[PDB]
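Asks: this is the structure alone, sequence omitted:
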Ligand SMILES: [Mg+2]
């Protein structure tokens, strides 16, 4: 397989769609409905691309990155933020250091595949 991907998004229809598109493209995908669940999943052991929704209720994408760092879970992942024109700022300066790219919603299937594949190469090399 082409590598492990985690889709973290509060929207079930996004998670399902991302799983479908990326499984057809050759990846293994796991899913999380919240920042809390993302942390839970990284604790089980995960290496690969994390597609992280910025706007989630309660704990947003930035809160999630802070939690990833607090738990020392950032090694062996590449975080791609799923954003929108409306996106909230990180309140802690420099969390952006841990984001390798952004993809703006709505996005097309080929953009998803292109970015996931590219940043998987980054994970596999480093
Ligand atoms: Mg959302």
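Replies: That came through, no problem. Residues are numbered from 1 along each chain as shown.
Asks: how close does the most centrally placed residue in the chain sit to the ion?
Replies: With distances taken as CA atoms, centre = their mean, the residue of the chain nearest its centroid is residue 51 (1.9 Å). For residue 51, the distance to the ion equals 12 Å [CB to the ion, to the nearest Å]. Just so you know, the C-beta spots here come from the backbone N, C-alpha and C atoms, and that holds for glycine as well.
Asks: that residue and residue 83, how far apart?
Replies: 11 Å (CB to CB, to the nearest Å).
Asks: anything in contact with each of these two?
Replies: residue 103 (CB atoms under 8 Å, 6 or more residues apart in numbering).
Asks: end-to-end on stretch 3-17?
Replies: Its first and final residues considered, stretch 3-17 spans 18 Å by CA to CA, to the nearest Å.
Asks: please spell out which residues along that stretch are buried.
Replies: Buried residues in stretch 3-17, counted by 16 or more other CB atoms under 10 Å: 3-10, 14-15.
Asks: okay if I get these as CSV plus secondary structure and distance to the ion?
Replies: Converted to CSV, the buried residues of stretch 3-17 look like this (DSSP: H, G, I helix; E, B strand; the rest coil; distance: CB to the ion, whole Å):
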residue, secondary structure, distance to the ion
3, coil, 24
4, strand, 22
5, strand, 17
6, strand, 15
7, strand, 11
8, strand, 9
9, coil, 6
10, coil, 5
14, helix, 7
15, helix, 10
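Asks: the helix or strand harbouring residue 115: how far from the chain's middle?
Replies: In this assignment (DSSP states H and E), residue 115 forms part of helix 109-125. How far helix 109-125 lies from its chain's middle: 12 Å, per CA atoms, centre = their mean, to the nearest Å.
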